[PDB]
């Protein structure tokens, strides 16, 4: 709870996540998988959290949001972690049918990899990223600010980690808006969990990425596609954040 340990934990975790995200770039054929299934760069926040947990004191606070136990609140949060991806995929479908050229499912695209290999890969990508960003980093920031501002801080760091400047700066702006809203939803999805946040965070992260690739795989790189996704995610974000604020 020390002010120094808080700032260094924020600093240490961030710099080693970004450092490993670049150091693991060349190390792409050391797991026996291709990027389509599992991006090795997603192990950067996982290793970052494990190293921070060891180099810092107060292991009780370090492992606060790592509650592996099934609880009735997380079961309730688990099905919320399924609705919110489903509603965003719905808004994306209507936008693609109405304003674009529809969408194609993954199974009808001539895949050289089984669909189970992809689903298992997106779950493990969801597990390692949320283990370090929401199960560890979130409750660390939550020791000095409430869930809202803690979600804003983890949102900025996750968006830098998930930054995508491949398709231009305008595409990266809307992808930034999507990953930022992606973090505000999960900050609320794991609010007041008594730590039991791994299952909530991985269920939402996996359903999101797999739901996007299973439905909008033919839309990769389209500036209009990242716009409606960023907007549909932000619209569902402000509604879910606004809902849980007035009942509060």
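Residue numbers count along the first chain shown, from 1.
Between 98-106 and 74-82, it is 74-82 that carries the larger average Cα temperature factor according to the deposited entry. If you average the C-alpha B-factors over 36-44 and over 65-73, the higher value belongs to 65-73. Highest C-alpha temperature factor among 182, 210, 216, 58, as the PDB entry reports it: 58. Sort the modelled residues of the chain by CA B factor and residue 50 lands in the middle third. The entry lists a Cα temperature factor for residue 229 that places it in the lowest third of the chain's modelled residues. Split the chain's modelled residues into thirds by C-alpha temperature factor. Residue 220 is in the lowest one.
Ranked within its chain, residue 165 lands in the middle third, by CA B factor from the PDB record. Placement of the Cα temperature factor of residue 149 within the chain: highest third of the modelled residues, per the deposited record.
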